[PDB]
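Participant: Protein chains in written order, with my numbering: chain H, 5 to 59; chain E, 144 to 231; chain L, 3 to 119; chain D, 22 to 121; chain X, 2 to 272; chain U, 4 to 54. Beta carbons are placed, not taken as given, at the ideal position from N, Cα and C, and that holds for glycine. Below is a structure I'd like to ask you about.
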Amino acid sequence: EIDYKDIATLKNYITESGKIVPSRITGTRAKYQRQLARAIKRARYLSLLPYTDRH
Amino acid sequence: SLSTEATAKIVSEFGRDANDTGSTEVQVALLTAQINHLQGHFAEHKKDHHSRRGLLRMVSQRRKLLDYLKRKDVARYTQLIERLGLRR
Amino acid sequence: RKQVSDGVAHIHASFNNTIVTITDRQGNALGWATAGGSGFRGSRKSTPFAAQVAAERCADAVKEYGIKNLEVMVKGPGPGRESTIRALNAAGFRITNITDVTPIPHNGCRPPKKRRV
Amino acid sequence: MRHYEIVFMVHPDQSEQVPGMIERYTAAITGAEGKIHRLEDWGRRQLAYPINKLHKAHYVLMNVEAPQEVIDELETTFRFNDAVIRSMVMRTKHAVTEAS
Amino acid sequence: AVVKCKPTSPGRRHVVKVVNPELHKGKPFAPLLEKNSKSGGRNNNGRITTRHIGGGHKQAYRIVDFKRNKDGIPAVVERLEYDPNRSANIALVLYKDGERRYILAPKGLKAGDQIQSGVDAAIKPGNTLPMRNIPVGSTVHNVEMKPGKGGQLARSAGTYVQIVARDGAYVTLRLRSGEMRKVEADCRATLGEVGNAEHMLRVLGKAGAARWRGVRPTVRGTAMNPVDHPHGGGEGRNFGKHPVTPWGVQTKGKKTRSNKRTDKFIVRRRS
Amino acid sequence: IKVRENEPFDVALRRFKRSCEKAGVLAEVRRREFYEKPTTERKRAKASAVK
RNA sequence: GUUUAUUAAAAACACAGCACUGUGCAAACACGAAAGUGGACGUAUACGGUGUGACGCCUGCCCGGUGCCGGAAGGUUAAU
RNA sequence: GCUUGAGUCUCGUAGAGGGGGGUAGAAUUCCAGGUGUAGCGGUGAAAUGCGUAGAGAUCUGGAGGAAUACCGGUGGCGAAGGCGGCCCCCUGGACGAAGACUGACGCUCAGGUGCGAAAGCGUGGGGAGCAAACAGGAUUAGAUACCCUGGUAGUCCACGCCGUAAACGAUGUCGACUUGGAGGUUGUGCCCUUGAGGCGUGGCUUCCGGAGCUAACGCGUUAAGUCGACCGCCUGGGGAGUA
Numbered sequence: 005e006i007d008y009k010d011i012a013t014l015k016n017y018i019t020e021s022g023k024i025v026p027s028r029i030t031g032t033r034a035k036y037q038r039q040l041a042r043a044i045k046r047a048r049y050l051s052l053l054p055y056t057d058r059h
Numbered sequence: 144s145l146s147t148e149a150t151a152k153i154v155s156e157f158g159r160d161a162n163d164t165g166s167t168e169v170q171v172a173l174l175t176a177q178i179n180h181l182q183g184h185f186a187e188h189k190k191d192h193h194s195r196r197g198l199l200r201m202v203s204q205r206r207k208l209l210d211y212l213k214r215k216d217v218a219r220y221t222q223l224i225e226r227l228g229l230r231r
Numbered sequence: 003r004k005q006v007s008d009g010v011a012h013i014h015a016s017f018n019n020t021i022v023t024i025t026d027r028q029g030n031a032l033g034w035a036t037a038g039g040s041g042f043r044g045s046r047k048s049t050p051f052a053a054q055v056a057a058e059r060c061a062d063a064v065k066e067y068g069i070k071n072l073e074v075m076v077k078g079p080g081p082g083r084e085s086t087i088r089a090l091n092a093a094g095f096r097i098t099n100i101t102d103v104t105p106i107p108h109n110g111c112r113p114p115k116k117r118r119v
Numbered sequence: 022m023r024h025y026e027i028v029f030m031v032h033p034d035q036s037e038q039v040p041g042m043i044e045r046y047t048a049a050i051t052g053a054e055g056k057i058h059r060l061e062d063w064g065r066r067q068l069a070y071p072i073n074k075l076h077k078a079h080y081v082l083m084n085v086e087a088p089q090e091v092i093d094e095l096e097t098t099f100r101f102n103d104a105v106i107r108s109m110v111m112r113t114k115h116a117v118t119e120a121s
Numbered sequence: 002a003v004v005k006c007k008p009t010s011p012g013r014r015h016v017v018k019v020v021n022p023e024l025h026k027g028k029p030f031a032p033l034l035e036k037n038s039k040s041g042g043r044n045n046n047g048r049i050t051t052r053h054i055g056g057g058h059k060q061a062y063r064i065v066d067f068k069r070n071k072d073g074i075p076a077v078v079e080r081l082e083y084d085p086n087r088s089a090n091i092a093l094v095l096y097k098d099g100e101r102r103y104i105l106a107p108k109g110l111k112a113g114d115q116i117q118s119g120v121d122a123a124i125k126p127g128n129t130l131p132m133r134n135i136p137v138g139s140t141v142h143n144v145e146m147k148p149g150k151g152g153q154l155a156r157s158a159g160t161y162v163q164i165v166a167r168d169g170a171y172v173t174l175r176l177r178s179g180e181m182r183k184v185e186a187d188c189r190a191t192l193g194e195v196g197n198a199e200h201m202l203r204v205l206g207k208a209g210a211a212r213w214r215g216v217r218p219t220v221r222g223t224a225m226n227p228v229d230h231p232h233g234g235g236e237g238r239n240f241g242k243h244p245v246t247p248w249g250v251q252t253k254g255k256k257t258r259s260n261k262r263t264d265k266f267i268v269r270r271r272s
Numbered sequence: 004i005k006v007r008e009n010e011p012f013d014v015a016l017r018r019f020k021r022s023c024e025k026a027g028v029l030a031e032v033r034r035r036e037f038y039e040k041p042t043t044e045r046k047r048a049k050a051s052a053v054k
């Protein structure tokens, strides 16, 4: 149910370089990590979230 | 997939009683409906072996149930063949 | 002297050789020095001292322009990255930014299989 | 018939024609018996990377239940309109807290 | 997708039959038809100018809408027909005003479905658009070298030019050879790629297949005497000189391009 | 890459110079694309190490 | 299948097939002192040229010479 | 006849399962420009190579083709081969709750049919990286290799063929029984909605381990234990998966 519009919430789970955080670090369950990964990839497509730090 | 409303129409048309979704006529009718839909699905690009395995599974399970209907009661078997247009 | 007085030092620190190019913000190169041109060839080229001489040589190469502050763009896995950065602040240019701009692909093109032994 | 979530970004220079844009698209949708759940004009927004050498783009989200045919011709109109620089059509994204 | 051809005779051994069931069986459209009198190795002067062109089947010419006007009116595609003049097939199109035309046949054909070219269009090949309006990463065909000229590039079977973006006034085109040519953005384009790629799969099989197509035999210069060709002579099979044309220029290598007006547009050339 | 810091510094250093993942991913992108057995080798070694 | 009509019908020429090279369309190339025309009312899955000649296994080495392609460091270089 | 095996229906759930089409972003290469000037590339050191015709570096604009960094996990899915960006369309399977329905319709299966990695073959496209063959340079006594600079088929796509792999869990399919512990993943019921907290109950999976078994190593409730059905296979090694 993790929405890609909530970029404020997804910024807690992206790294400074734009990478998706590991689940062994943030402690999300596997299901919410997969939903989070899909939402980050969607927001990266919509240019809400950056793909990398440089670009 | 088979739609819920199409499935309900099949069980109401081929069922000797209502809520007889498990009778052999109803199972063979539902299987035939999915066969006729999947033929149009496999008309295009025909490389879906994975879905074709489920298709051949519907075919085989339909054949087993129709052979059972033959051994149990032949009048129902011939009527089901005539209704669904198979084994000509 | 140059009016803008701001630059970027690009440190291409490959495993064999370090190339230091001081350019402006617009990308136009003001000067360049290399570890091979620093006087060290072969095994000494890869060493961190060769990159320090490369950084000092490019520092005196762009001393004509009067560069005051330079950001730093670091590429590669070579030994010369921190050595080149240290030699620039030893040469007295203010380092305002240190960015690691190594080209990290996605799953991308096929890597060379060579040097397998 | 089918639930869909439509988000489209428009070039900043073409920002004058976005209310007419959402009006004609909603009109086509409602002609095709569709219902619009949340038509929200996000407006101009800075982009994290440049696309087509632009930095700020208009945004609007639609969230429509509609038939697949009108959504496919809508996708075609998005592809052929040069004002739309990117558009995404999702799956159901069902009834939740609106304006997210 | 190919029906087998048994070797009942030599001449039937090698050709295997590749045909399209969607091709229309019957007469072509008579308003879009004109004569094409064959001119085999001919000229206004009457001399052979292009050799190995001659006897073949009579072909009637079909007007094909290389320049796609009638914009703003949706076009419904009809059954595709065989075009003997060009390598690819042709498609009948019926517009909403009643105008019937021939276009280059797209890959996808829909029967019983309305085809639209405006607001209610679907994602279908065959839609015409200018080079400015093409999507990013799209393959187009029947593109024009000059705006308003008509189709010049990618009109053969299975040929397409792929474009990602534009400079702003001149758009670079990746041709089938590999050349890169800038054409103006106002030049028209037809989305997708042309069909009939599967038609080129089969081999001809016999001498008479080429002689039906209109191709007369090719005599090697080494077969000739010294006067007919620069190659030719001797008591053995090989002449033994550098490879040349009948008029003397080098066949192998020896780039013969001399256009300098178009060299600014063709920024890159294939190897 | 770079994290936000105050422009005056006590001394010119980088906080994450030797901890950067860029060097490791560059070393794995360069050559030797096995990627099938080292996952199981790492997991068996980690299960041996954790007691 | 074609061939020296009228001493040679063949192992010759052709042929499908295969490779190489040229060619982005006012295309190469050709007939034209030029207009023009053929190529072609075709658009690189197309055209021309060269060699080989269905099919099966395949096509080794050597760019020194000649030829072609690419770069003009440097030299030698015409009219001017 | 019966429902307990097997199946059908309602409602959901997770997923790189398949097929089709579109799009995004790094990065590599190439082309055209801008700055710029003596090196670059490589290695154990070198050289071939590239570069004063202006490379390498850096910026900008464009082109193209591949694989989708992080997520990513002895994780998931699939009969196996296998399947990783996002999105849509078409579709197969599994699993769970509460009932309903059919009423042995079941299991295996020589022949037979289908799918079957990679390499290869045919025809047509495409071709950015990598790269059999091939070339040059080094090491060596030699080096038709390992190392280097190149580089073709191939890898990529459509359709067709091959029918092989250390195709492995070196462990056939189905059903029943037999101590446990730690996990991963996905449903579901209850309490304390009140700490994604306690108590249960299913499906798949990882490790260790008891009885037992095994020649031993090991397997061990997902058996290599105790049984039943059916199929395939073996009968010393080379000759030989060859004539």
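1) Using a beta-carbon distance cut-off of less than 8 Å, what residues from the stretch 22 to 53 of chain H approach chain U?
2) Leaving out five residues before and five after residue 2 (chain L) in sequence, what residues of the same chain have Cβ atoms less than 6 Å from its Cβ?
3) In chain H, which residues lie less than 7 Å from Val6 (chain U) when you measure between Cβ atoms?
4) Only counting the same chain, and skipping five residues up and downstream in sequence, which positions put a Cβ closer than 7 Å to that of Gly151 (chain X)?
5) Can you give me the C-alpha to C-alpha distance between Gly110 (chain L) and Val32 (chain U), rounded to a whole angstrom?
6) Anyone know if the C-beta pair for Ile106 (chain D) and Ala78 (chain D) falls short of 8 Å?
7) Using only the alpha-carbon positions, how far apart do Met181 (chain X) and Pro114 (chain L) sit?
8) Does any CB atom of chain D fall closer than 8 Å to the CB of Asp121 (chain X)?
9) By the 8 Å beta-carbon criterion, what residues does the stretch 11 to 24 of chain U contribute toward chain L?
10) Using a Cβ-Cβ distance cut-off of 8 Å, determine whether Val39 (chain D) contacts chain H.
11) Find out if the Cβ-Cβ distance for the pair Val141 (chain X), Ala190 (chain X) is shorter than 8 Å.
12) Listed in chain order, which residues of the stretch 23 to 38 of chain U have Cβ atoms closer than 8 Å to some Cβ of chain L?
13) From the DSSP secondary-structure annotation, give me the bridge partner or partners of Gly33 (chain L).
14) Look up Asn90 (chain X) in the DSSP assignment and say whether it is helix, strand or coil.
15) Just grab the DSSP bridge partners of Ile54 (chain X) for me.
16) Of the choices L:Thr101, L:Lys116, L:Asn91 and L:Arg112, whose alpha-carbon is the least far from that of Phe12 (chain U)?
17) Quick one, which of X:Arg221, X:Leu110 and X:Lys39 has its alpha-carbon nearest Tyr62 (chain X)'s?
18) Between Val165 (chain X) and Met132 (chain X), which are expected to be in contact by the criterion C-beta below 8 Å, what is the C-beta distance as a whole number of angstroms?
19) What in chain U is Cβ-close to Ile69 (chain L), meaning under 8 Å?
20) Could you check the C-alpha separation between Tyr80 (chain D) and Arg100 (chain D) for me, to the nearest Å?
21) Quick one: what's got a C-beta closer than 8 Å to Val204 (chain X)'s C-beta in the same chain, skipping five residues either side?
22) State yes or no: is the beta carbon of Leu95 (chain D) nearer than 8 Å to at least one beta carbon in chain H?
23) Using a cut-off of 8 Å between C-beta atoms, extract the partners of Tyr70 (chain D) located in chain H.
24) Please confirm if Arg27 (chain L) has its CB atom under 8 Å from at least one CB of chain U.
25) How would you label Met201 (chain X), buried or exposed, when you count the other beta carbons within 10 angstroms and need 16 or more for buried?
26) Tell me, please, whether the CB atom of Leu130 (chain X) is closer than 8 Å to any CB atom in chain D?
27) Do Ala57 (chain L) and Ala93 (chain L) have their beta-carbon atoms positioned less than 8 Å apart in this structure?
28) Going residue by residue through the stretch 67 to 120 of chain D, where are the continuous alpha helix (DSSP H) segments of at least 4 residues, counting only ones entirely within it?
29) Let me see if you follow: with CB-CB separation under 8 Å, is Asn37 (chain X) close to chain D or not?
30) May I have the straight-line CA-CA distance separating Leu52 (chain H) from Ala69 (chain D), to the nearest angstrom?
31) Do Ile178 (chain E) and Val217 (chain E) have their C-beta atoms closer together than 8 Å?
32) Compare the C-beta of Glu58 (chain L) with all C-beta atoms of chain U and state if any pair is closer than 8 Å.
33) Just checking my contact of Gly127 (chain X) with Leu81 (chain X) at CB under 8 Å: how many whole Å lie between their CB atoms?
34) How would you list, in chain order, the residues of chain H whose beta-carbon sits under 8 Å from the beta-carbon of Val28 (chain D)?
35) Between the stretch 146 to 153 of chain E and the stretch 170 to 190 of chain E, do at least 3 Cβ pairs fall closer than 8 Å?
36) Pairing CB atoms from the stretch 6 to 25 of chain H with CB atoms from the stretch 37 to 52 of chain H, are three or more of them under 8 Å?
Facilitator: From the atom records:
1) none
2) Residue 2 (chain L) lies beyond the stretch modelled for chain L, which goes from 3 to 119, so this question has no answer here.
3) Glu20
4) Apart from sequence neighbours up to five positions away, the residues of its chain that approach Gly151 (chain X) with a beta-carbon distance below 7 Å are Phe67, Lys68 and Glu145, ordered along the chain.
5) 10 Å
6) The answer is yes: Cβ separation under 8 Å.
7) 29 Å
8) yes
9) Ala15, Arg17, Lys20 and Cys23
10) no
11) Yes.
12) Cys23, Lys25, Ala26, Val28, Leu29, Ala30, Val32, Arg33, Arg34, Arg35 and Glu36
13) DSSP, once it has assigned bridges, lists L:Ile24 as partnering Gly33 (chain L).
14) coil
15) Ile54 (chain X) has no beta-bridge partner at all, per DSSP.
16) L:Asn91
17) Comparing Cα-Cα distances from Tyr62 (chain X) to each of X:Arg221, X:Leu110 and X:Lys39, the minimum goes to X:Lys39.
18) So it is not a contact: roughly 12 Å between Cβ atoms.
19) Listed along the chain, the chain U residues whose CB falls inside 8 Å of the CB of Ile69 (chain L) amount to none; the nearest CB is some 16 Å away.
20) 16 Å
21) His15, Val16 and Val17
22) No, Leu95 (chain D) does not count as interfacial toward chain H.
23) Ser51, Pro54, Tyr55 and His59
24) no
25) exposed
26) yes
27) yes
28) 89 to 101
29) Not an interface residue.
30) Answer to the nearest angstrom: the Cα atoms are 6 Å apart.
31) no
32) no
33) Contact flag wrong, Cβ pair sits at about 11 Å.
34) Listed by position along chain H, the residues whose Cβ is nearer than 8 Å to that of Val28 (chain D) are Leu50.
35) yes
36) yes
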